[PDB]
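# Summary of structural features
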Amino acid sequence: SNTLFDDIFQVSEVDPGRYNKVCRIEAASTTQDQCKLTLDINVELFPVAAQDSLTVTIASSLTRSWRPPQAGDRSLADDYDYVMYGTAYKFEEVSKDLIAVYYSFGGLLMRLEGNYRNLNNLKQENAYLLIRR
Amino acid sequence: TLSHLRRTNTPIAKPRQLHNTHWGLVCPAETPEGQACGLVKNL
Amino acid sequence: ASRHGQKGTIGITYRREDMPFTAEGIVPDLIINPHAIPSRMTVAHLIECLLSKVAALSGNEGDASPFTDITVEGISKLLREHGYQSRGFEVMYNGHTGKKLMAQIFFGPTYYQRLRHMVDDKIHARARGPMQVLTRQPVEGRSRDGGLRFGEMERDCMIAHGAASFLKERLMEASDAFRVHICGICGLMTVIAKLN
Amino acid sequence: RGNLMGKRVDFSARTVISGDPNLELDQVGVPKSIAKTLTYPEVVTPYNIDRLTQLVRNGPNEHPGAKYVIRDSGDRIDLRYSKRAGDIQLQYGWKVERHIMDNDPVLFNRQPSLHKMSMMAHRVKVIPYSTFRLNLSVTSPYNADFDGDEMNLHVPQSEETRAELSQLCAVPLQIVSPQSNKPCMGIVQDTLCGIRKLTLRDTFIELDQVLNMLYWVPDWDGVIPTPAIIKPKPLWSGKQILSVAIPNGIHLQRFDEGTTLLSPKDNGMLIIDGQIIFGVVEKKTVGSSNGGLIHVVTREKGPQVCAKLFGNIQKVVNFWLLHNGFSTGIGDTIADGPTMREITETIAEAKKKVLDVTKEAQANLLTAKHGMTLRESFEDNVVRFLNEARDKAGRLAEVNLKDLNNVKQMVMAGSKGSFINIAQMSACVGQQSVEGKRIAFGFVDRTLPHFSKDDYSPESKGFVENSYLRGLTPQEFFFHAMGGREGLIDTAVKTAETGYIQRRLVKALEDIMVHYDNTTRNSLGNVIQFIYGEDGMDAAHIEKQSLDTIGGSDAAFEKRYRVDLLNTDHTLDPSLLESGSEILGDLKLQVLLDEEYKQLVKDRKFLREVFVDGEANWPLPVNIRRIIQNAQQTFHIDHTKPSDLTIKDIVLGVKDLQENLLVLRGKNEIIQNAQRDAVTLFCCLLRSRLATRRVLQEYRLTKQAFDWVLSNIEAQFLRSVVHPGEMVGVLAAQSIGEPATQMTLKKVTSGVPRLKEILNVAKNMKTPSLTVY
Amino acid sequence: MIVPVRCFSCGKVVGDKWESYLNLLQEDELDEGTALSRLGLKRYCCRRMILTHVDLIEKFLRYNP
Amino acid sequence: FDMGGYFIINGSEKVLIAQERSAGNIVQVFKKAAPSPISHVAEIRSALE
Amino acid sequence: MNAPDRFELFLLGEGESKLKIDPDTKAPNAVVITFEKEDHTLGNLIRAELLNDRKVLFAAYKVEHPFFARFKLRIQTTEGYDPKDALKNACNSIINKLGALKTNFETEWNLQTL
Amino acid sequence: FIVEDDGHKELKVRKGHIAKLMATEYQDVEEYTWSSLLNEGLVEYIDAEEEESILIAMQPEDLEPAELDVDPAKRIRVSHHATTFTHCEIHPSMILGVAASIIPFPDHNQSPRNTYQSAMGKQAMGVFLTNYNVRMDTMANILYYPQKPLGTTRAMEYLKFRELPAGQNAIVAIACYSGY
Amino acid sequence: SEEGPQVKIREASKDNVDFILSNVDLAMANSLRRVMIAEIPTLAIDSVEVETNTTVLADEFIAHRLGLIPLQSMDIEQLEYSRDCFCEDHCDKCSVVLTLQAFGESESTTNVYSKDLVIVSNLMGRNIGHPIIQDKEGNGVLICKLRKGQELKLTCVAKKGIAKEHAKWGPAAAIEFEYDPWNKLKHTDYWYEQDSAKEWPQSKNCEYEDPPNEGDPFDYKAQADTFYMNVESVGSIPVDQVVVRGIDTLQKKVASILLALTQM
Amino acid sequence: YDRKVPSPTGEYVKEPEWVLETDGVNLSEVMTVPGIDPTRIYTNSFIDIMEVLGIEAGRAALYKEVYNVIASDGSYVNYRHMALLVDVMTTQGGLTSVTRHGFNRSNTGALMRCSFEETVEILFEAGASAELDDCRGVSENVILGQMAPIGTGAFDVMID
RNA sequence: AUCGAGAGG
Ligand SMILES: Nc1ccn([C@@H]2O[C@H](COP(=O)(O)CP(=O)(O)OP(=O)(O)O)[C@@H](O)[C@H]2O)c(=O)n1
Ligand SMILES: [Mg+2]
Ligand SMILES: [Zn+2]
Ligand SMILES: [Zn+2]
Ligand SMILES: [Zn+2]
């Protein structure tokens, strides 16, 4: 139930694909050339300016029927400002000594490429994405 | 009532098709459907 | 049906409170689908809605005469002067929810014609009923309490389905079933029969 | 013809029809008065005696009453008028004629009976209004649109008849069409447009909406999906709620245009375990087309689950649409001024080109063209100019239209409309066509009196530059009237001709039926086909599948399908198979691998002879892509782990499956050979998708998975075989008949006149021809 | 045939206004829409009933029996 | 408003359609099919007064 | 002809209960109530006030057919909380809110002069 | 109408004749009638064969001498580029029959739909005559509250449809509500 | 004033009242509208028996008009539903009986008006059944014009009713609804060719709410608490009373649900 | 015409090919003339193909052109239905037609034949011929009212 | 019953 992957990215570009609410985000790992990320995000819920650096985190947990947060006795998983849940569609090997990770948060799509980890982000449908300001 | 009062029958070599000569003399579009289209028109 | 060739039966009858309402409170008398319009390609229905709205707010008649140079932009300019949206679209709220509608709805006055076809004069059902003498078969037509014809094209549909017994039931037991006595040696119904 | 083959039938009903979204597709809404009039006989049973007594007490006037009661002596008892109606005492063996009630089998029909789909059984639901009520998705097999449509209902009078209607003629069974091998019924109209709009990523649902929409699903588990977006607010994806609608265990992959796994366009569909991973639902996704979600759900889950799926999707999408709303107005038709000026420029350029070509004809400078009159060439060039002009104006309009335009939304969803409609509304409608030609001079050397004599310019010729929105000139309106009139005469005449053709085909092929030997034979017993369809398989189960062997280079085929045990690189990598390190350099295994490779090479040559075009995609009995996907999801498949599969078992089990698959059970060698020929192409496909390298690398298969795949292929193929007693000929005739009515319209006889020539085996064709290579 | 009591969309009574409306047009020589605004019908639901109406009754009155 | 033009026979209003007929006393040349002994014909339908 | 009488919308029939309560299968602390001879008006309000209550996990209303005037409400609550009590508190809150609004409007109208 | 020479070639009918015709309408001064114009020679009757010899113009303004900036929405009207016009049509809309005359803006719509409506206007309910209550028809249907159409063809006044309407100007919304 | 919903009234007339509902859930506002027109009771004729008809108009048409005729319903609470009393066809408490007779005495046309209506049933000191006249002339709504030599004589029975059953028992014609005038909540997306602001009109209700600023983000959490409403009256019941009666009707339905739960 | 042919690599590649189209057909002199592939030549007319080559070739051409008619409208039909019709015309060896001088002239039961056309003529010839109906045909049983063998009537159902 | 006319998808 522990956190799997954490990294810092500076967004390379933001592109609205005929959508006012959602723009796709292109970014690369900071201080690592191993990995890069490409994920769509609703800008209205959380606006990301281009060239901003935003923390990225993935956790397995912290299905059971969703309940309203209500009192919040359950400890907030994230101090982060943005979180999404999704299921990985496929995992592929982009190149020798290189892995690729494909996630789908309700049709919204995330792509992570790197060899930085040899094993992580197993094909478990559970995923949580945490982005700080 | 008026349209029935102004009626044409063409009993029976392409009668059904509207013809250029009909301009100014016959309604372009008023015709019964079925096996009467163009055969019967209104002035 | 409207004068522009759009024809439609009443799917449902709805009370005013259920109907979507504009901010003014005006409720459409009738609802027509967007989908029917594109294939038929009758722009003049839309144009009539626009011009009739301008006329209703203007107190003057509208001329839809053919081959007359009337610009849609000008009619929309007059509608804008009235304050209603130029293209005829209007802000609407869903009736049951009371929520605003994400898509503004195009609604306005439109001439519509009641037609001679009436449902209750068309409704018919037979069950067991009177029979014609010679055919020994059900009479024809609602006016005579008649029975609907099972077409040979319909029997072909049934053969495609392969329901032989249902075909027999419609063909004999629902129709001129009859019992006859035949002599084997004649091979014909020459036998005279005193059943009791 | 009219009192024996077709006759008036008792227990008949007919009304005007209308559609109800909430009514389930298999059901038909029957007005209560019709139920009161119609009766079904029911022998009194100990099970039904209480219900029957109560029903007779209710009386004929109110349903579930009854009309007549029949004794053991059988003398009629009339409930409307009887002194003894109160004292009614049911005795065993007596019959009770009773009102038609909810969930009773009937037959529902539209008067054109082009297809067996037009006459099919329906569940009954009694309703208090004059119109028959039916689902929107059931319109297409009937071809019914509720402008003034009238439909007929018939009621069985015997238990065997009830069973025949329920077991073979029910709507769920006829979901997938025999002809065209694609489902008949699909999501249409408002549900289509709303399903596209909801599936858009921009569309985000809210907790109140998601709760109501989840409740709206009748079979809903109550399991609340986790919100796609949580921390800023809990917002569910529209895709997520629609996924709540999808039955679990269904997987669908469609790639269109640039359908990347990232799918930026959101084109194509990715569905896993009853949840759409990505894509926007559209017509191809949810329509009648082959490979549609209807087809897969009917084929794997079953017919009833898919029948409920229509209704669940319908309810969810209709509720969301009602709350979102939809419209269509004049502004959708209006295009921007700069685009309008570009349209006018296009028309002007076409006019200049036409004038210059006309001058070329006048000067006799224009080059002669072999095989045609020079005036004929002129006509072709001007017609093509005008047609291209209209298409280009439509292109500029389509670029001009914004994403918000509702006609665009109808086209994008595929619910209704086309490119031509948009062009005609906001661009040049174009040149009219009369009798396959541009407008002729009815007046001497002039099309119309107002034009000057001997004018061949497009306006006189009937080319209608103005848009429908722009308004048509009087001359243009008259020309358009000529074209429309020709269209109406054509519709009437072709309906008559198609009726005659369909009757003749039906009468010719009516007797044709598959007997128990699988030999297609007439009444006399003279064989028409020794194996029906030459494969002996039901056409509904056949779906388009690709044949991997026929396509691709020899090098690519070798790399994908060849593993050479006696090589450093060609041998299977040890990660693919744990015994691979042991298996390396074993001749006894390589001999079997070589045998399978020889079989695949022979199959490639055989298929390449059959297909000169080399098109891999063909109708095939059992889909194997979906079955491999079902294997991956049924048994969780890990890429990292080496497989536990003996190579020997893979090859030997493909062979074993080959002799297990059976079309004809006879022991005799003639029947065995007919079977081997019948199953030949299916065997080639099976070998193509069961290759040892393919089984080891592209899918990380296991022994239990492979055994299940073998058994499931066997079972699906067994289900795919035709059933004896089927009337193949009638179905064939109807299958040809229905598309013929739909047909509507440089010298080729085509369409219904051509079909009439083909059936008449007429000595003289209107346009004979020889194509020499 | 005769002035409708109420508009089917609007719902407001419209029968009372008609006599006054015809008088307003004839005596004041004024535009119909201005007369409708003076009458108080400001919504086209309420307005269509007054503008479109045909008083067939008067012709029906002419027949002696 | 009734424009008239309908006969009243046995209490029923009855109206007469006009029948289109090609005019008499007009001569026209008509081509003959390929399987015809004669290439062209010229036909005149003469109408009495 | 076949059309049912208008009074059927607001009048209960013979052997008809305004509320019928049946627990939802395959769900915890969940129950579905068939409100009979009632329309959207009441259902949406009941849903909103139910949503305001924190302990009520699920609330939704559905109309099976526009023909027939009835609506089905499903409620899921926290353990130890009966759905009927939640419905009672939400309805009581509705009544108090309507009363407060009528008093405030009456005072405002008394202030209003025309 | 008749077009002859006068130094611009101009239609025979002139404004003063129109004023006398209007005065005849007002008194309903010496009567000015259509029979007068036919006897005056201002207008002529033309059979189909006679048309084959003549040259006609749709619009009277076409005759005015030709010698830019225009609104895009106006339909593309070909510059007539023609002379020696024998006559000019009174109005194009006259080619339409009675049933087609009732259709509004058919110039902006597809012709087959206009044909269908011309078929439907017969079926449409209406007040058939003012004498209906006195008359004894086998079957008769009459609207409760007939309403004049908001959009009127200029031919409607001669058609008397405004006087005897057959439809209602109902408020119509184009939307998908509840899927019915 | 009290905790809970508040109403501020911008303007008010005897026929119309324009106010601002505040601090309210929207579902309550829509339930209130549907009660305000649908559910509130009102008195109108449900039976008509005509002795003489010489009018060209048929009796059924006149009966429909008489149903739509507006009558006072202020004391309607004292009156009882015709099905809810114990009478045969009409209790004197449950129904009000009206009579109308007119003859074409004048050679010129004689026009029936709503003022020419005769009440026979006992009034019982209840402000009920008086014909409603808003005309400046005071002449009632025109049922029918009658030429000389024509007479009509008829009896009407008016009963308590609800607007859902038939439109005649309806207090109000239409209501004006407005929320999110600036479209800050963005509940609806404008359809525009070039600019939404120019093509879509700006309402007067927009001014009351504070103007939006482009810089501030869209408030996801925000929900509508302020609504703008106007009410129109036929005059059968005064406006303040129609809105208060709608509130009371809704509260009655809620109390009925509570009592049914208690019965269970 | 664009032709997809195997490359030496084995890939199907498209290289244009000249083709000839004629307005008329004699087809016996044409195939013998040199410079043209006898194997690839095609005719729009079946009957000439049946005379020139053989009945099975004519059946294939029949299906080809029916398929062209279906494809021109965008409609698709499974090969079995069209093939079945073509075999029914083909099984006699002659190019039997879907018309009165077709299936009706065949040796099938007269009562089946009488339904289509020439009812009383089929009957008078059968009466002169003393022809006996097998009553196997579906139309025969439908007229007779006895249950035809249609799947359901094909099998007799006996108890154990 | 016959004959005929008009209409509907
Ligand atoms: N004589 C006739 C005339 C009509 N019909 C049937 O009525 C349907 C309605 O379409 P329709 O008549 O309007 C022709 P369509 O091409 O479908 O245009 P649309 O989109 O406006 O519906 C047709 O599809 C036919 O099946 C028939 O069976 N015999
Ligand atoms: Mg239809
Ligand atoms: Zn004998
Ligand atoms: Zn109104
Ligand atoms: Zn009483």
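Residues numbered from 1 in each chain as written, not as in the entry; some residues may be left out. Chains lettered and ligands numbered in written order. Part of a larger assembly, values for the part shown. Heavy atoms only, no water. Residues with missing side-chain atoms left out of burial classes, pairs and counts.

The record names X-ray crystallography as the way this model was obtained, at a resolution of 3.60 Å.

Okay, the overall build of chain A next. Across its full length, chain A holds zero helices and nine strands. Counting from the amino terminus, chain A carries its helices and strands in the arrangement β-β-β-β-β-β-β-β-β. The C-alpha radius of gyration of chain A comes to 15 Å, within 12% of the 14 Å expected for a compact globule of 133 residues. Taken along its principal axes, the extent of the C-alpha atoms in chain A is 45 × 35 × 25 Å. (Helix = DSSP H or I, 4+ residues; strand = E, 2+ residues; numbered from the N terminus. Rg over C-alpha atoms; globule rule 2.2 N^0.38 Å.)

Quick look at the overall build of chain F now. Summing up its helical and strand segments, chain F has zero helices and five strands in all. Mapped from its N terminus to its C terminus, chain F presents α and β elements in the order β-β-β-β-β. In terms of overall dimensions, chain F has C-alpha extents of about 60 × 25 × 25 Å along its principal axes. The burial tally for chain F puts 4% of its 49 residues in the buried class. Intrachain contacts of chain F at a sequence separation of at least 6 include 0% that bridge at least 24 residues. Of the roughly 4400 Å² that chain F leaves accessible, carbon and sulfur atoms contribute 58%. (Buried < 20%, exposed > 50% of the residue type's maximum accessible area, 1.4 Å probe, protein only. Contact = heavy atoms within 4.5 Å. Areas by Shrake-Rupley, 256 points an atom, 1.4 Å probe, with all protein chains shown as cover.)

Turning to the coordination of the zinc ion (ligand 5), a few remarks are in order. At the metal site, the zinc ion (ligand 5) is ligated by I:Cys87 (SG), I:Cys91 (N) and I:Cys94 (SG), and these contacts range over 2.3 to 2.7 Å. Of the residues examined, I:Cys87 reaches a relative accessible area of 22% and is grouped as partly exposed. (Donors = N, O, S within 2.8 Å, 3.2 Å for Na, K, Ca; no water.)

It is worth spelling out the site of ligand 1 at this point. By nearness alone, every residue bordering ligand 1 is listed as C:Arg40, D:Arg110 and H:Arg113. The site occupied by ligand 1 is bordered by residues of chains C, D and H. At a separation of 2.7 Å, an oxygen atom of ligand 1 approaches a polar side-chain atom of C:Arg40. Here an oxygen atom of ligand 1 sits 2.9 Å away from a polar atom, N or O, in the side chain of H:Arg113. (Near = heavy atom within 4 Å. Polar contact = N/O pair within 3.5 Å; in protein donor to acceptor, adjacent residues only side chain to side chain.)

With that settled, consider the protein's contact with RNA strand K. Close to RNA strand K lie B:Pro32, C:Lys7, C:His117, C:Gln132, D:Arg14, D:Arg110, D:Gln111, D:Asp145, D:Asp147, D:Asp149 and H:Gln123. Sugar plus phosphate: this is where 92% of the atoms of RNA strand K within 4 Å of the protein reside. Between C:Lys7 and RNA strand K, the recorded distance is 2.7 Å, taken from a side-chain N or O atom to a phosphate oxygen. Note that a phosphate oxygen of RNA strand K is positioned 2.5 Å from one of the side-chain N or O atoms of C:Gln132. Here the residues of the surface near RNA strand K are counted per class, giving one nonpolar, four polar and six charged. (Nonpolar A, V, L, I, M, F, W, Y, C, P; charged D, E, K, R; others polar.)

Moving on to the pattern of salt bridges. For side chains bearing opposite charge, pairing can occur when the charged atoms are close. Within the structure shown, the criterion is met by 105 salt bridges over all chains. Close ionic contact of A:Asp79 with A:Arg133 constitutes a salt bridge, the shortest N to O distance being 3.8 Å. With A:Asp79 in the loop between strand 4 (53-59) and strand 5 (82-85) and A:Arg133 in the segment after strand 9 (128-131), the pair connects residues that are 54 residues apart, well separated along the chain. Both residues of the pair, A:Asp79 and A:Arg133, count as exposed. For the salt bridge of D:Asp391 with D:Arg390, the shortest nitrogen-to-oxygen distance reads 2.9 Å. For D:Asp391, a relative accessible area of 27% gives the class partly exposed. (Salt bridge = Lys/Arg side-chain N within 4 Å of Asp/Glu carboxyl O.)

All names here are of chain G. Taking 1.5 Å per residue, 13 residues should reach 18 Å; helix 1 (residues 40-52) reaches 19 Å between its end C-alpha atoms and fits that length. Among the 13 residues that make up helix 1, 11 are buried, leaving the element largely enclosed by the rest of the structure. Taken as a whole, helix 1 has its buried residues at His-40, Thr-41, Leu-42, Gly-43, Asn-44, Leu-45, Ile-46, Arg-47, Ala-48, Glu-49 and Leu-50. (Expected span 1.5 Å × (residues − 1).)

For the rest of this paragraph, the subject is the interface of chain D and chain C. Each partner contributes to the interface: chain D provides 94 residues, whereas chain C provides 75 residues. Summed over the shared surface of chain D and chain C, the number is six salt bridges. Ionic pairing is found between C:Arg126 and D:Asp10, a salt bridge with its closest N-O pair at 3.3 Å. Our enumeration of links across chain D and chain C arrives at 41 residue pairs in polar contact. Element by element, the count of residues in the side of chain D that touches chain C is highest for strand 2 (residues 12-19) of chain D, at seven residues. When strand 7 (residues 124-125) of chain C meets strand 2 of chain D, the two strands line up antiparallel, connected through two bridges. Note that in strand 2 of chain D the partner of C:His124 across the bridge is D:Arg14. (Pairing = 2+ DSSP bridges.)

Residues and elements named next belong to chain E. Every protein donor of the zinc ion (ligand 4) is accounted for by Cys-7 (SG), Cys-45 (O) and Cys-46 (N), and the metal-donor separations fall at 2.2 to 2.3 Å. Motif for the zinc ion (ligand 4), donor spacing along one chain: C-x37-C-C. An identical accessibility class is assigned to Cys-45 and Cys-46; each is buried.

In this section: the pairing of strand 6 (residues 87-92) of chain A. Residue and element names in this part refer to chain A. As judged from the four bridges shared by strand 6 and strand 7 (residues 99-105), these two strands associate in the antiparallel manner. Paired with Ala-88 across the strands is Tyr-103, a residue of strand 7. Between strand 6 and strand 7, which pair antiparallel one after the other, the connecting turn spans six residues, and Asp-97 there sits at a positive phi close to 55 degrees.

Let's shift gears to the interface of chain I and chain E. Taken residue by residue, the interface counts 26 residues in chain I and 23 residues in chain E. Taken over both partners, the interface formed by chain I and chain E buries close to 2100 Å², and the fraction arising from carbon and sulfur atoms is 57%. For the chain I face of the interface with chain E, the top three residues by lost area are I:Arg65, I:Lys145 and I:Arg147, together amounting to 27%. In this structure, the connection of chain I to chain E is made through three salt bridges. With a closest N to O distance of 3.9 Å, I:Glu232 and E:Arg43 form a salt bridge. Between the two partners, chain I and chain E, sit seven residue pairs in polar contact. (Buried area = accessible area lost by both parts, 1.4 Å probe.)

Residue and element names in this part refer to chain C. Taken together, the side chains of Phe-178, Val-180, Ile-182 and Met-189 present a nonpolar region at the surface, about 480 Å² in accessible area. Along the polypeptide, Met-189 turns up in the segment after helix 6 (164-173). Residue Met-189 is classed as exposed on the basis of its relative accessible area of 61%. (Patch = residues over 30% accessible without salt bridge, like charges linked within 9 Å, V, L, I, M, F, W, Y side chains within 5 Å.)

Secondary-structure assignment places C:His45 in helix 2 (residues 43-58). A relative accessible area of 0% places C:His45 in the buried class. If we ignore the near neighbours within four places in the chain, the residues touching C:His45 are C:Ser2, C:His4, C:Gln6, C:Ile32, C:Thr110, C:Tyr112 and H:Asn109.

On to the packing of helix 1 (residues 17-28) of chain E against helix 2 (residues 32-39) of chain E. Packed helices, taken two at a time, are described by the angle their axes make and the gap between the axes. All names here are of chain E. At a minimum axis distance of 10 Å, the contact between helix 1 and helix 2 shows a crossing angle of 135 degrees. The pairing of helix 1 with helix 2 is recorded here as oblique in orientation. In the crossing of helix 1 with helix 2, the sense of the turn from one axis to the other is right-handed. Residues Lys-17, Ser-20, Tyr-21, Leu-24 and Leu-25 of helix 1 pack against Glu-32, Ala-35, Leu-36, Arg-38 and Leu-39 of helix 2. (Axes fitted to C-alpha atoms, helices over the stretch in contact; angles between N-to-C directions. Parallel < 35°, antiparallel > 145°, perpendicular 65-115°, else oblique. Left-handed = near helix turned anticlockwise from the far one by under 90°.)

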